[PDB]
Each structure stands twice: as C-alpha cells, then as structure tokens.
Amino acid sequence: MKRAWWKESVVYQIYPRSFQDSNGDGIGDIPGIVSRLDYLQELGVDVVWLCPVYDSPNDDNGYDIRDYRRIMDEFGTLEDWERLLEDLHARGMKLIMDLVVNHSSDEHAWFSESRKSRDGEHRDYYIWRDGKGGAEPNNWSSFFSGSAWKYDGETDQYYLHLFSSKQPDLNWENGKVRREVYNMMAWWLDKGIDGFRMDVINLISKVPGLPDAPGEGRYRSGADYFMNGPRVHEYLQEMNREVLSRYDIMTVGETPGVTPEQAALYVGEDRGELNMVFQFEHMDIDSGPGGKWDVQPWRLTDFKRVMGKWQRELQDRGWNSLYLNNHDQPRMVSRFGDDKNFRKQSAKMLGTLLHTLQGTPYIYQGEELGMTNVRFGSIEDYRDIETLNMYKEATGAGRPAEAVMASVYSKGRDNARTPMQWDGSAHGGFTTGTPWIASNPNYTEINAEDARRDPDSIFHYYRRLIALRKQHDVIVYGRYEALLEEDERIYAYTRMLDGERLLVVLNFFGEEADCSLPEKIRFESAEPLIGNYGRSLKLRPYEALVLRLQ
Amino acid sequence: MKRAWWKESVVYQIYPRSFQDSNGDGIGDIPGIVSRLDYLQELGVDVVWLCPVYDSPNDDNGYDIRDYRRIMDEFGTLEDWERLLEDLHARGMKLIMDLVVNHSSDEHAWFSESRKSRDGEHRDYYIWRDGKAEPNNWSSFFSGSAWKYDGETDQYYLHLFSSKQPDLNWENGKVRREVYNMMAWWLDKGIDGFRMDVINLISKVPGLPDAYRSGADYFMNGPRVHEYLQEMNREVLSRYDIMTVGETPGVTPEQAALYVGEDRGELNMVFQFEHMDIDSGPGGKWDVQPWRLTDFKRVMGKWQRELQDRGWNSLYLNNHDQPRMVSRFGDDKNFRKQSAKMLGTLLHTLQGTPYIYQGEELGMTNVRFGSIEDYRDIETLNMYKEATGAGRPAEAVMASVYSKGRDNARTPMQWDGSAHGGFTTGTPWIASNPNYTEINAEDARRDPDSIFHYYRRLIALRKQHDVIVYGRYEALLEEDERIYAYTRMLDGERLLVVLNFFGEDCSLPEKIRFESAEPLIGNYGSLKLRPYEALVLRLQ
C-alpha cells in the first residue's frame, strides 16, 4: 500500500542483562552492547530494540520501573546509553525503547504517595478498590501466581497487580496519569530514540465496573475486562496525537490475545494508533486450554492458518510483525525445530519464514546462532517470578515436580535469558566472573565466533535473508498467497509484487518430503535466491528454498 | 465554536399514537399530524421528531420493529408519511426519524430465522447464549430477566427491554451493514435527521458478564459504541446533510464528549439522563426523592460548561418516556402557567438544541387515573405485577406510577374542549386527562398570555438573537436554592436569566453590573421576586 522504513526494517531484540557484560558483575551492560555493536552491523540488523533499561527494583527484570528518567544502575549511565544511540545513529542504525506504562514499581514516587492516604492526588494514579466480602474485590488472578490484588492496611484496601506485587497497575482513566506518560515519552523522544515498543498496551484500560470473572474458581482470568479494554483505542489516538506524531518513529506494541480484526484498529493505516503489534496467537499453537504450560502437539496446518490468516487479514492496510521468539518465549530452533537432530537446518528455514514473509522481521538474541532452550538440573538454577511462582504454587497443590519442571523446560522464559554465547571460553565470553543465570554448556558448539567463521552458518544465512530483503521489494511489500495449504509437512507460499514472484517451499519435519508442486504455479525460470542446502522433489530434512519464479 | 442549523434549531417531539386521529380508531395517525401541521408552524418549531412510525407488534409502541421499511398499519401508509415530509419541507421545516437499531422484533424476518437453528446465518444476528439457570443475573428494563429461553435451540436470547424486543448482535458486520442500508433507505428519501434509540446500548462486554440486577456496566457505554458510530457516520451519516441526536442513558459529560465532540465524527448531540435522576433515587426511577435546586442547577450547568467549547447540549425536561415538567419541577395546581413558562425559558435561554414534547406548550399535567387498568405501558403494568409478588402496597406502587410513569405524557393531546380534547371521534386507546376543558390548544391560540405564546415568543427571540443559541454560559447566585440565575454572553452581548423555581429576594451581584435594563421577555408582564417567575434581562 504505502512505503515506510519500519516496513523494510529488521529489528534485533536485545535483552541487556544477558547480552554483554563490561564490569564483570554478570549482569549485561549497555556499554557491553556498544562493545558488540560491530556484530549487529555485520549481520545487517537495521533497528535495535533493547529490553527495558530503566531504574527498577529488578523483581521482573526492569518492567517494574522506580524511575522512568534514569538508566538502571546495573546497566550503566545515561552517557553509556547516549553512546549506543550515537554509535547506532552513526552506523546507520536505530534504537527502540520499551514503554512499560500500564504498571509501575511499588517504589515509584506515585505509589509511595498513593498508599499514603485516601486524600492525596496520587491515590487515583493506581487502581485501588475495596474488598468484596473481606477478600479481594474480584476473582482475577496475577499472571505469575495468585491474586491480582494486594491489601494495604494504611488505606485498608487492595491495589490492582495484574502482574507482580511489585508492578502496581496504573489508572489510565486519569488525565494526570496519561499526561505524565506523554511527558516521559517526549523526554526520551526529544533525545532522538527511533521508536517505542509498548508493553501490554491493550491492558492499559479496564472495564469501568472492575468486574469479577465468570467461571468462578479460586482465582481466574480477568482477560475479558482488562485485556483489549474499552478505552485502549481512545488513549492510543491521544498518545499518537499528543506525542507519537511530533516525532519520526516506529511503534510496535505488546498486545496479548488480540484477534486480527482487533489488531486492524491498532495497526490500521488510518487508525493513527500504532504502526505494528505483537499478536500472541501463534504462541498458543503448542500451548493448550489450561494455560501456556499446557504443552500440546501442534498441527502444521493450524500453524500455517494463524500465520496466513494474520498475513492475509492485515495485508491490504496494516503491517504484520514477524516474531517466533522473544525474551518472554522459548527459543525456536528447539520449539518448532530439531534442537538435537537438525539444529542448523531447522533455524535456517524457520528464519527463512519470518524473512520471506510480509511484515517487519524481529530477531531475538541468539536466534542467529541457533541457541536452544535450557534444561538446568534444579529449579534453583532458574530465576523468574513466573517460573518460581508456578513451581511453588503447583508443588503446594501436591503436583509432581518432574511434571512441573517439564513445563518450565519448554515454556519457561529463562530458556531465552541465558548468557549469550559469543565464544568457547567460560560463560561464552559474556561475563568474566559468574553469570546471574547459568550459561548453556552449548557455547563450545553454539557461539558467535564459529558462526562468523563458518560460511555455512546460521548467522550467515540470516545475513543473506536480510541481504536479499534489501535487494528485492517482493520480500518486503509483495502480496501473500499460500499453496499446498492442506499439506501438513510442507509450508509453501508465494510472495508476488508487480510482476515479481517468489516461491517459498519449506519442510517442518526431519523427513524427506514430496515437493509435488501445483500447476497453478507454472514456471520456466527457476532462480533459487537462497537455500538451506546448497525437479528433485526430494526436499531434504528441515529444508527451505525461496525459488524466484519471476 | 462552529455554526450549523441544528444548533439554532428547535425540535418538536411528536408521539404519533396520541397526536391526532383521522379515522376515529383512537390510535393517532400520520395524516392526523398533517392536519395539525399549521399549529407547529405557528409556534415556530423548526424540526419535527416523530417517535417510531414503523411496522411493529406495538409491544413497546413502535420500539419493536417487525419491518423497518414499512409504515405501521395503524399510522397510515408510506404516502401519508411522504406528504408530511413534503408539507414540512414546504413549510420550511424538517423531519427526524427514530432509529431503533439496538433491538429488533420477534416477528422480524431475522429472529424467526435465528431461532430456527444453530446453523443458519441469522443465528448470530442476535445475542444467543447458553445458560449458567440463566446466562447472567442481568435484568430487563420493564421487569424480570434479560434472557428468554427457546427450546428449539435450547438456549437463552438477550432481551434487555422486552421479550418482544430481541437485542441485536453489533459484533456482526451483517447486522451493522443491514443497519446502514435501512438508514440509507430512509436518508435517500430526504429525512432531515435520525434520533437513535439506546445508541450506547449497542455494544456489550465480549464475555457477557454476570452483574436479577442491572448489567449497565457492560451493555451501557459499551466497548465498541464509538467504534461503530464512526463506521455508521462514515458509511451513511457523512454522505447526507442531517441532524442526529442519540438516546444515551447514564452518560457522564466526558463520555458524551466522545459522542457529541466536534472532531469525533460520531453524533451531533445526545440525550443525557443525568437530570432525569434528580427526583429519582438509588433504588430506581420509582424511588421519587426530594430534590435540591443547587444539585439540579449543577447537573444543568456542569453539562452546559463541559460540552460548551466543543460539542452541543440537547435541552429536554420531558419526553414520551418521562413525566411532564409543569407538574414535576413546577406547581401543576398552584401556578401551572407560571411553572410552565419559567421551565420553558430555561430550555430556551440555555445553550443547546431545545426539544419540546407534545403538550409542553399547553402545560399538560401528569395523569392520575383511578385504577391501574386505565394504564397501558409494559413497564408500568409489569412492575405492578412484580410488586404484588413481593407484597408491595398497591397504594405505594401506584404512587410511583402516578409520578414516574410514562403514560403521564402519552395521553391524547388536548386540542379543544370536546370529547377527548378533539383527538379521536371514537374512544382513545388511553383515557384523556379531563383537563382539556382547561388545558387545550384553542385556549392557548386564543389567550395572548398563554403558555403556547410564551414558548412561541421564546422561539422567536431565539431566532432574533445569536446570544441565545451560541452565547457563553456562566451562572450566578449558584448556592441560592430558590433562584436559578445565569448569564448568556456572546461577543459584547449579555443576557441575565433570573428564575424562581418555587412559589414565594433578587439580591443581584455587582459582578453583574448593568447600565441598561432590557427585559426581552418575562413571565409576568431594581430587585423583586414573584412566584415561579422568570425574566431574561438583556444587560447588553
């Protein structure tokens, strides 16, 4: 439809804590990011998205912010940060920032002022309500564990904590709250950040009557009332109008459990809200009805459907973000691929997908190296307010630990927050000392040096995926139309733009499949732009080829 | 801010059923409206809002539509209707239509197809859900639950208003798309606006929550109202030159701003029910309670000040769903004339689009029939039944019906002093108030010092001064609980509207310095006081 940079951009997500350490603390630093910057520029990353790098008590790794206008002591100083912006702006690259705004820290001046009394202005900055029958005002649950309300005797009432008790949710139904949100955004936008990734933007508004959750139970989901709220769109349009407009930026949003059509009101060209959004609908292919922990077998078809559905739906007006792994999610080469049998091949084709699909590709740390989910011996080797709260509770319910651990091993978050693997030394040359979380012992195999050395490496495939992306318009803007849809072993689609065509045939299993191509897709000019392995319908295991039909 | 006709327009609400009958049936007809059209033109009415005049079982009297594209048999034919449009357009006047889109009828083509099975396309045109017993502890507006069970499908259907008013699924495009077609169907014919019925009740919280009790939190001011209205505006309302008012229950000045706002591109104006709950209390509408003039003045001023800068206020103190004003906020017995005139001054010397209901100009009073049998309203006659079940004292139940009932305003309009104030030749569907030997149109049109001519004079000056329409609002003596005073100023022009809301000291402030007294109008033809008096002095 229309052209823009963020459309033909590739964003690389950096979890600071476990990217690069420059002081031997074990916690990754911004200056550490600066040290490794040449890596990203060689890969060809265009935009960089650092996870939250603000002042936090570190209950949820930065998402609970004590001060918005201060860089987290552990990461560095505003200067160390300013360097990264400069260097990146000098390497021709861009910086994205994490907007965590529906919830704040307990330590934020506001909350410390809120809890003080029922008379202070700051009391309505957060959702304080009175208990329904000597308990919580609803049967809503926290995401990590337990209720989403915590009591305070100083005021004799509960406060909404849809996440950790240290993440008190903000009352966006207060002009003051919203107005202050815009100031901090401007504060950073005034400094030249080239975009704002917004954290759970659709959780910003709650149903006015703060209802309970039909279905009863001890503690259940209030997702029908906080998620995809009534005033969500009312505020974003204010945000755009108030702050986003006056700056040239890119805007992606963490919208969990949004339907394509709901997204269109976020992602829509003329909506004037956000530029793109993170749907979690393809993160619940392996997940089941009970929760994220309900790991279930998954059908390639139904996967292809959610991918295609989203691709087709937002195509005409709107832009799809392409992501299969973030810091909250397990790593892909394992999840949708063979971590053991065909790690390298798996990653290459899965990467092909997100790169030969329409939308803004996102890459998370280590994706390029084909990093695998981690399986530490004990729970002690883990550190996540979700993991160690799902364990505690489930074990308190008498549930088998081996079972509870099996869930942690596949659906955990620290499966992705392991010290990145740069080299084969101690801690994959991340920290000189000891890491805050154990490093996967794979670094003697999975590392950056090997990749940058090995010409047939995952790193160098992604490079080329990015390289051809900049060298053909079909890849970015081209139409989407799938083939052999019913087939449960071959994911095949075509990207066409103007007269240009692309045939992306993929094999999601470790079996040599039958490339029985249709006739609808005629060809007299086979032009393999890229291939996992360098009519032979015998497609190799976990193989991926993007033939340019032309 | 900006200028537009609907801003300096006066709408007259017509309840067809009890306006004028031209076939002795008792039921008022559209052709009957045509007969009496010279009355409205005389008064000065610019726009005419007929209540629903479409094919209906007549359960809720037009608000249950079996066919949207057909005029109710009892009212006339499309031609009889077309005449009214032509005559009105030829008298320089306009027609507003009722848009009952929230709820269809059971007899409508869709519902009869919906209930058929779980497979037909029409199944998702309405809100059918599985029970939980019933889906939710939501209650209907008339009585009982807001869900009725069907065995054919073994599920309940959402009926917020009545079992004969099945609510429509606005999360379906096919529903919405069809809504737009009928709108265009009428708009193609040249109707000069659309009064929309429970517009904010179109969208329900997706998970159909439990709250028998009010589910207002979810159906009212729902999550996709503003989403749809923009679509509707975009798809149809923008393509024609019209005026649109919306029936929005329980809307705060700020929620309205999203509906009434200039830049929102949704609705031109809305009907707030916040000044209809001054006399009402915490239990319901029936909880008649004593009311403070200050708190009344607040809700009036609040709304006037809030929507002032961008937006437009609708000025209404009685509709077909509400009791009459000369009685409610005035003395029906002591100073009917004075109560009527000062209450009219308010809505005519306040900023906004003044709405007049039938008989407001004649100072018609709330009706007190001997028995309940003399009443005919689904709401009235359903509470009475429920109340007897809880063992409510009929005396108390009727005392509620007498004040807060809807049939108070739907009695045959009193044109003259003959049988039925010259409404029907036969017998009226509802007994006519015997006041027609006192309260009538002829007397008004005759008597120069009549309520009719005061409203007319209010309508006149309205057209002759811009301050009345567009002027700024600022109140005075706000704490005073007896005198409702405010000032309307525009450019250099000022207006001082001093009003006495009771039958009994005009200690004017100095902030309001004047060196030119110019009484544009006055109830009764320096500082004084008078019973239910109202004067609009133009300080200038």
# chains A, B, ... in the order shown; residues from 1 in each chain; ligands from 1
$ interface_residues --of "chain A" --to "chain B" --cutoff "10 Å" --atoms "only C-alpha atoms" --output "ChimeraX atom specification"
/A:207-215,222-225,228-234,265
$ atom_distance --atom1 "CA of residue 58 (chain A)" --atom2 "CA of residue 19 (chain A)"
16.6 Å
$ select_by_dssp --residues "region 56-143 of chain A" --states "strand (DSSP E)" --output "JSON list (two decimals) with N, CA, C and O atoms, in the first residue's frame"
[["chain", "number", "residue", "atom", "x", "y", "z"],
["A", 67, "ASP", "N", 12.05, 4.66, 38.57],
["A", 67, "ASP", "CA", 12.18, 5.95, 37.92],
["A", 67, "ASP", "C", 12.31, 5.78, 36.41],
["A", 67, "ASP", "O", 13.11, 4.97, 35.95],
["A", 68, "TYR", "N", 11.54, 6.58, 35.66],
["A", 68, "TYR", "CA", 11.45, 6.46, 34.22],
["A", 68, "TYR", "C", 12.58, 7.23, 33.54],
["A", 68, "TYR", "O", 12.94, 6.92, 32.41],
["A", 69, "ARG", "N", 13.13, 8.23, 34.24],
["A", 69, "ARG", "CA", 14.07, 9.18, 33.65],
["A", 69, "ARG", "C", 15.50, 8.85, 34.06],
["A", 69, "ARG", "O", 16.37, 9.72, 34.00],
["A", 70, "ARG", "N", 15.76, 7.60, 34.48],
["A", 70, "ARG", "CA", 17.07, 7.21, 34.96],
["A", 70, "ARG", "C", 17.39, 5.81, 34.43],
["A", 70, "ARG", "O", 16.53, 4.93, 34.47],
["A", 71, "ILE", "N", 18.62, 5.63, 33.95],
["A", 71, "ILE", "CA", 19.09, 4.34, 33.48],
["A", 71, "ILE", "C", 19.42, 3.47, 34.69],
["A", 71, "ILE", "O", 19.99, 3.95, 35.67],
["A", 94, "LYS", "N", 19.23, 2.26, 14.27],
["A", 94, "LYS", "CA", 18.19, 2.92, 15.05],
["A", 94, "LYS", "C", 18.00, 2.21, 16.39],
["A", 94, "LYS", "O", 18.36, 1.05, 16.54],
["A", 95, "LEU", "N", 17.39, 2.93, 17.35],
["A", 95, "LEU", "CA", 17.17, 2.40, 18.69],
["A", 95, "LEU", "C", 15.68, 2.44, 19.03],
["A", 95, "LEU", "O", 15.05, 3.48, 18.88],
["A", 96, "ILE", "N", 15.17, 1.31, 19.53],
["A", 96, "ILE", "CA", 13.80, 1.19, 20.02],
["A", 96, "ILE", "C", 13.83, 1.06, 21.54],
["A", 96, "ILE", "O", 14.73, 0.43, 22.09],
["A", 97, "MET", "N", 12.83, 1.66, 22.20],
["A", 97, "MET", "CA", 12.77, 1.71, 23.65],
["A", 97, "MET", "C", 11.52, 0.97, 24.13],
["A", 97, "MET", "O", 10.54, 0.88, 23.40],
["A", 98, "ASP", "N", 11.57, 0.45, 25.36],
["A", 98, "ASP", "CA", 10.48, -0.33, 25.93],
["A", 98, "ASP", "C", 9.60, 0.58, 26.79],
["A", 98, "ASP", "O", 10.07, 1.14, 27.79],
["A", 99, "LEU", "N", 8.33, 0.70, 26.40],
["A", 99, "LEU", "CA", 7.35, 1.50, 27.11],
["A", 99, "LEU", "C", 6.49, 0.56, 27.96],
["A", 99, "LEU", "O", 5.62, -0.14, 27.45],
["A", 100, "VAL", "N", 6.79, 0.54, 29.27],
["A", 100, "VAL", "CA", 6.06, -0.24, 30.25],
["A", 100, "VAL", "C", 5.23, 0.75, 31.08],
["A", 100, "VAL", "O", 5.77, 1.39, 31.98],
["A", 128, "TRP", "N", -6.90, 1.38, 43.13],
["A", 128, "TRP", "CA", -7.24, 0.95, 44.49],
["A", 128, "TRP", "C", -8.75, 0.78, 44.61],
["A", 128, "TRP", "O", -9.50, 1.71, 44.32],
["A", 129, "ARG", "N", -9.19, -0.39, 45.10],
["A", 129, "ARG", "CA", -10.61, -0.68, 45.31],
["A", 129, "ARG", "C", -10.77, -1.35, 46.68],
["A", 129, "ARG", "O", -9.79, -1.74, 47.31]]
$ residues_around --residues "residue 213 (chain B)" --least-positions-apart "5" --cutoff "12 Å" --atoms "only C-alpha atoms" --output "list in words"
residues 136, 137, 138, 139, 140, 141, 143, 144, 145, 146, 160, 283 and 284 of chain B
$ residues_around --residues "residue 326 (chain B)" --least-positions-apart "2" --cutoff "10 Å" --atoms "only C-alpha atoms" --output "compact mmCIF listing (two decimals) with C-alpha atoms, in the first residue's frame"
# COMPACT_ATOMS: atom_id res chain seq x y z
CA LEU B 317 -37.01 18.13 30.57
CA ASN B 318 -39.79 15.83 29.31
CA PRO B 323 -43.33 12.57 33.24
CA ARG B 324 -44.43 16.11 32.34
CA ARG B 328 -42.64 17.56 38.04
CA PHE B 329 -40.47 20.68 38.52
CA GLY B 330 -43.42 23.05 38.96
CA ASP B 331 -46.87 23.53 40.51
CA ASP B 332 -49.47 21.69 38.42
CA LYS B 333 -52.14 23.03 40.78
CA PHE B 335 -49.08 28.06 39.29
CA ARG B 336 -49.33 25.73 36.27
CA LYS B 337 -49.00 28.74 33.93
CA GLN B 338 -46.00 30.20 35.77
CA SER B 339 -44.30 26.84 36.39
CA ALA B 340 -44.72 26.02 32.68
CA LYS B 341 -43.34 29.35 31.45
CA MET B 342 -40.24 29.61 33.67
CA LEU B 343 -39.36 25.96 32.93
CA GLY B 344 -39.59 26.71 29.20
CA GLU B 360 -45.43 21.18 26.86
CA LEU B 362 -50.20 23.74 26.75
CA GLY B 363 -48.73 22.96 30.19
CA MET B 364 -50.22 19.45 30.25
CA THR B 365 -50.05 17.68 33.63
CA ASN B 366 -49.20 14.15 34.80
$ residues_around --residues "residue 276 (chain A)" --least-positions-apart "5" --cutoff "10 Å" --atoms "only C-alpha atoms" --output "mmCIF file with N, CA, C and O atoms, in the first residue's frame"
data_model
loop_
_atom_site.group_PDB
_atom_site.id
_atom_site.type_symbol
_atom_site.label_atom_id
_atom_site.label_comp_id
_atom_site.auth_asym_id
_atom_site.auth_seq_id
_atom_site.Cartn_x
_atom_site.Cartn_y
_atom_site.Cartn_z
ATOM 1 N N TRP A 6 10.264 1.468 8.542
ATOM 2 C CA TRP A 6 9.964 0.419 9.505
ATOM 3 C C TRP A 6 9.367 -0.809 8.817
ATOM 4 O O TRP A 6 9.460 -1.912 9.350
ATOM 5 N N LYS A 7 8.770 -0.617 7.634
ATOM 6 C CA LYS A 7 8.250 -1.726 6.850
ATOM 7 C C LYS A 7 9.401 -2.567 6.298
ATOM 8 O O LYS A 7 9.401 -3.786 6.461
ATOM 9 N N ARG A 197 8.682 0.535 21.565
ATOM 10 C CA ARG A 197 7.987 -0.728 21.752
ATOM 11 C C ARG A 197 7.188 -0.633 23.047
ATOM 12 O O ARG A 197 7.763 -0.417 24.111
ATOM 13 N N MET A 250 9.052 4.565 14.961
ATOM 14 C CA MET A 250 8.398 3.291 14.700
ATOM 15 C C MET A 250 7.712 2.842 15.990
ATOM 16 O O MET A 250 8.239 3.085 17.072
ATOM 17 N N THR A 251 6.551 2.181 15.889
ATOM 18 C CA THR A 251 5.815 1.795 17.086
ATOM 19 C C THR A 251 5.261 0.376 16.948
ATOM 20 O O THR A 251 4.356 0.120 16.156
ATOM 21 N N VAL A 252 5.823 -0.532 17.754
ATOM 22 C CA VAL A 252 5.299 -1.878 17.921
ATOM 23 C C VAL A 252 4.744 -1.984 19.341
ATOM 24 O O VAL A 252 5.249 -1.332 20.253
ATOM 25 N N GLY A 253 3.692 -2.794 19.512
ATOM 26 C CA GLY A 253 3.004 -2.918 20.788
ATOM 27 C C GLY A 253 2.870 -4.377 21.213
ATOM 28 O O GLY A 253 2.599 -5.240 20.383
ATOM 29 N N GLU A 254 3.068 -4.632 22.514
ATOM 30 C CA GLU A 254 2.850 -5.948 23.093
ATOM 31 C C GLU A 254 1.360 -6.084 23.407
ATOM 32 O O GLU A 254 0.917 -5.735 24.496
ATOM 33 N N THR A 255 0.590 -6.548 22.414
ATOM 34 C CA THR A 255 -0.832 -6.805 22.583
ATOM 35 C C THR A 255 -1.048 -8.312 22.682
ATOM 36 O O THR A 255 -1.035 -8.998 21.663
ATOM 37 N N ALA A 263 -6.552 -6.070 15.979
ATOM 38 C CA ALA A 263 -5.258 -5.528 15.600
ATOM 39 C C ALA A 263 -5.431 -4.418 14.570
ATOM 40 O O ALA A 263 -4.830 -3.359 14.708
ATOM 41 N N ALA A 264 -6.273 -4.658 13.561
ATOM 42 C CA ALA A 264 -6.507 -3.697 12.495
ATOM 43 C C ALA A 264 -6.829 -2.312 13.054
ATOM 44 O O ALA A 264 -6.521 -1.308 12.418
ATOM 45 N N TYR A 266 -5.499 -1.267 15.762
ATOM 46 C CA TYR A 266 -4.208 -0.831 16.272
ATOM 47 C C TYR A 266 -3.255 -0.555 15.110
ATOM 48 O O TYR A 266 -2.569 0.465 15.105
ATOM 49 N N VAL A 267 -3.242 -1.462 14.124
ATOM 50 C CA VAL A 267 -2.216 -1.494 13.093
ATOM 51 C C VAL A 267 -2.693 -0.746 11.849
ATOM 52 O O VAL A 267 -1.903 -0.481 10.947
ATOM 53 N N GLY A 268 -3.990 -0.421 11.803
ATOM 54 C CA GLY A 268 -4.607 0.164 10.623
ATOM 55 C C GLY A 268 -3.923 1.461 10.204
ATOM 56 O O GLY A 268 -3.568 2.288 11.039
ATOM 57 N N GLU A 269 -3.761 1.621 8.890
ATOM 58 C CA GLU A 269 -3.077 2.766 8.319
ATOM 59 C C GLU A 269 -3.690 4.063 8.836
ATOM 60 O O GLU A 269 -2.973 4.963 9.266
ATOM 61 N N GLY A 318 -2.351 -2.091 6.951
ATOM 62 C CA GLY A 318 -1.781 -2.658 8.161
ATOM 63 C C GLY A 318 -0.458 -3.357 7.855
ATOM 64 O O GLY A 318 -0.139 -3.589 6.690
ATOM 65 N N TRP A 319 0.285 -3.696 8.918
ATOM 66 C CA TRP A 319 1.611 -4.287 8.820
ATOM 67 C C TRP A 319 1.788 -5.354 9.900
ATOM 68 O O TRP A 319 1.547 -5.087 11.074
ATOM 69 N N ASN A 320 2.243 -6.551 9.503
ATOM 70 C CA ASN A 320 2.432 -7.651 10.436
ATOM 71 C C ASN A 320 3.865 -7.671 10.965
ATOM 72 O O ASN A 320 4.815 -7.523 10.203
ATOM 73 N N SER A 321 4.006 -7.861 12.282
ATOM 74 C CA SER A 321 5.301 -8.134 12.884
ATOM 75 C C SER A 321 5.545 -9.640 12.855
ATOM 76 O O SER A 321 4.666 -10.418 13.216
ATOM 77 N N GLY A 359 5.996 -8.336 6.370
ATOM 78 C CA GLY A 359 5.983 -7.739 7.695
ATOM 79 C C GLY A 359 7.381 -7.293 8.114
ATOM 80 O O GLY A 359 8.316 -7.387 7.325
ATOM 81 N N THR A 360 7.496 -6.807 9.359
ATOM 82 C CA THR A 360 8.765 -6.399 9.945
ATOM 83 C C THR A 360 9.341 -7.581 10.719
ATOM 84 O O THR A 360 8.842 -7.903 11.793
#
$ select_by_dssp --residues "region 6-205 of chain A" --states "helix (DSSP H, G or I)" --output "ChimeraX atom specification"
/A:6-8,16-18,30-35,37-43,78-90,109-114,121-124,175-189,201-203
$ atom_distance --atom1 "CA of residue 532 (chain A)" --atom2 "CA of residue 544 (chain A)"
5.4 Å
$ closest_atom_pairs --of "region 277-378 of chain B" --to "region 455-469 of chain B" --cutoff "7 Å" --atoms "only C-alpha atoms" --output "tab-separated table"
residue	atom	partner	partner_atom	distance
B:344	CA	B:455	CA	6.6
B:345	CA	B:458	CA	6.8
B:348	CA	B:458	CA	6.2
B:349	CA	B:468	CA	5.6
B:350	CA	B:468	CA	6.8
B:351	CA	B:469	CA	5.6
B:352	CA	B:469	CA	6.6
B:361	CA	B:455	CA	6.5
$ write_last_selection --atoms "N, CA and C atoms" --output "CSV table (one decimal), in the first residue's frame"
chain,number,residue,atom,x,y,z
B,344,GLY,N,-39.8,26.6,30.6
B,344,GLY,CA,-39.6,26.7,29.2
B,344,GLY,C,-38.5,27.7,28.9
B,345,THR,N,-38.5,28.9,29.6
B,345,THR,CA,-37.5,29.9,29.5
B,345,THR,C,-36.1,29.2,29.7
B,348,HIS,N,-34.9,27.4,26.8
B,348,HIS,CA,-34.9,28.2,25.6
B,348,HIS,C,-33.9,29.4,25.7
B,349,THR,N,-33.5,29.7,27.0
B,349,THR,CA,-32.4,30.7,27.2
B,349,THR,C,-31.2,30.0,27.7
B,350,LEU,N,-31.1,28.7,27.6
B,350,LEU,CA,-29.9,27.9,27.8
B,350,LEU,C,-29.3,27.6,26.5
B,351,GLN,N,-28.0,27.3,26.5
B,351,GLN,CA,-27.3,26.9,25.2
B,351,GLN,C,-27.5,25.5,24.9
B,352,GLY,N,-27.9,25.2,23.6
B,352,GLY,CA,-28.2,23.9,23.2
B,352,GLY,C,-29.3,23.9,22.2
B,361,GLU,N,-46.3,23.0,25.5
B,361,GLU,CA,-46.8,24.3,25.1
B,361,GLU,C,-48.1,24.6,25.8
$ closest_residue --among "B:188, B:447, B:74, B:178" --to "residue 24 (chain B)" --atoms "only C-alpha atoms"
B:74
